[PDB]
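Colleague: Structure provided below as structure tokens; questions to follow.
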Amino acid sequence: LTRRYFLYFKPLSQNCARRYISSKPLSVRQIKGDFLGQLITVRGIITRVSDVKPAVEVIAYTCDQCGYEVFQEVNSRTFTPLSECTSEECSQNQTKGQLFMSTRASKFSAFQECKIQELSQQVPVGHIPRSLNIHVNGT
Amino acid sequence: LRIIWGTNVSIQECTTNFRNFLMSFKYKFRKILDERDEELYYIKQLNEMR
Numbered sequence: 196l197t198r199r200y201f202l203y204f205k206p207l208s209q210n211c212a213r214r215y220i221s222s223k224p225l226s227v228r229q230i231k232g233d234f235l236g237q238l239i240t241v242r243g244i245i246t247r248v249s250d251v252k253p254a255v256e257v258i259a260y261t262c263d264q265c266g267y268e269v270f271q272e273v274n275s276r277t278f279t280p281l282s283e284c285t286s287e288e289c290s291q292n293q294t295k296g297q298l299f300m301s302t303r304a305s306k307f308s309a310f311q312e313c314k315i316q317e318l319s320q321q322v323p324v325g326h327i328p329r330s331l332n333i334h335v336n337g338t
Numbered sequence: 177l178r179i180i181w182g183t184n185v186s187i188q189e190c191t192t193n194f195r196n197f198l199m200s201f202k203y204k205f206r207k208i209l210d211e212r221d222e223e224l225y226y227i228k229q230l231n232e233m234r
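Listed in order, the protein sequences are those of chains 7 and 4.
Count the first sequence with the authors' numbering and you get residues 196 to 215, 220 to 338, in order.
Count the second sequence with the authors' numbering and you get residues 177 to 212, 221 to 234, in order.
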């Protein structure tokens, strides 16, 4: 919530790999299925790109009755509005007063989808260059 | 000391300094904002518009 920065990674090159593997140039036909969760370096042309859009990460809700602003975390593409109060003061109370949303205290991210395509000479004989989706965020 | 959640704005202190700026301002930007007669710059406009 108080993250001023954005954390990112980069792999090692082949020159640091021969000098004492993890970063190989991978095709989208060379995905096999079981590489879901490994860091991969894919080479290809980019045909489809989208516009930069703000995607929320955490939804901030404010109340006038208690003052304790709550924050929920979303992970999927969609979500539901938490109209019921889950604060630490409304649990020991008869009243369950209305909550509102804040578009300023909520943390957003510059989300963008892209379609990477298979390279022309890396595709096999007769096959077509199928695509894959890349979801980028931040800078 | 009243503090709103996620806001560094106090009500009464900003109320008093906004009233102190509104009752006393005579072209200070002409004297210290750059190197470049009147009296009561905000009292006359507020007394005119009503």
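All C-beta atoms in this analysis are idealised placements derived from N, C-alpha and C, irrespective of residue type, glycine included.
Can you pull the DSSP bridge partners for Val269 (chain 7)?
Modeller: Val269 (chain 7) is bridged to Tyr260 (chain 7).
Colleague: Could you round the C-beta distance between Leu235 (chain 7) and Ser221 (chain 7) to whole angstroms and report it? I think they count as a contact, below 8 Å.
Modeller: With a Cβ gap of about 16 Å, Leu235 (chain 7) and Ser221 (chain 7) do not count as contacting.
Colleague: DSSP state of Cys289 (chain 7), grouped into three classes?
Modeller: Reduced to three states, the DSSP call for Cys289 (chain 7) is coil.
Colleague: So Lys207 (chain 4) is in the alpha helix (DSSP H); what residue range does that whole segment cover?
Modeller: Per DSSP, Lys207 (chain 4) belongs to the alpha helix (DSSP H) from 204–208.
Colleague: Determine the extent of the alpha helix (DSSP H) in which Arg195 (chain 4) is found, giving its start and end residues.
Modeller: Note, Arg195 (chain 4): alpha helix (DSSP H), 187–199.
Colleague: Does the structure place the stretch 311–319 of chain 7 close enough to the stretch 240–258 of chain 7 that three or more beta carbon pairs sit under 8 Å?
Modeller: Flag = yes, the stretch 240–258 of chain 7 and the stretch 311–319 of chain 7 touch.
Colleague: Looking only at C-alpha atoms, which of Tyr215 (chain 7), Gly266 (chain 7), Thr338 (chain 7), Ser290 (chain 7) sits nearest to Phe310 (chain 7)?
Modeller: Per the Cα distances, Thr338 (chain 7).
Colleague: Restricting to Cα atoms, I'd like to know which of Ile239 (chain 7), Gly266 (chain 7), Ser308 (chain 7), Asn210 (chain 7) is closest to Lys223 (chain 7).
Modeller: When each option's Cα is compared against that of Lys223 (chain 7), the closest is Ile239 (chain 7).
Colleague: By a C-beta neighbour count over all protein chains shown, 10 Å radius and 16 as the cutoff for buried, is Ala212 (chain 7) buried or exposed?
Modeller: Result: exposed.
Colleague: Under DSSP, the beta strand (DSSP E) around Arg247 (chain 7) begins and ends at which residues?
Modeller: Segment 244–248, the beta strand (DSSP E) holding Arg247 (chain 7).
Colleague: Taking CB distances under 8 Å as the criterion, tell me whether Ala309 (chain 7) reaches chain 4.
Modeller: By this cut-off, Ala309 (chain 7) is not an interface position.
Colleague: For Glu272 (chain 7), tell me which candidate among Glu287 (chain 7), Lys306 (chain 7), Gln293 (chain 7) has the shortest Cα-Cα distance.
Modeller: Out of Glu287 (chain 7), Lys306 (chain 7), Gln293 (chain 7), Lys306 (chain 7) has the C-alpha closest to the C-alpha of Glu272 (chain 7).
Colleague: Which of helix, strand or coil does DSSP assign to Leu238 (chain 7)?
Modeller: Residue state, collapsed to three classes: coil.
Colleague: Quick one: does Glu283 (chain 7) have its CB under 8 Å from some CB of chain 4?
Modeller: So no, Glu283 (chain 7) is outside the interface.
Colleague: I need the straight-line Cα distance from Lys295 (chain 7) to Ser282 (chain 7), nearest angstrom please.
Modeller: Taking the straight line joining both Cα atoms gives about 10 Å.
Colleague: Helix, strand or coil for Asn336 (chain 7), going by three-state DSSP, please let me know.
Modeller: Residue state, collapsed to three classes: coil.
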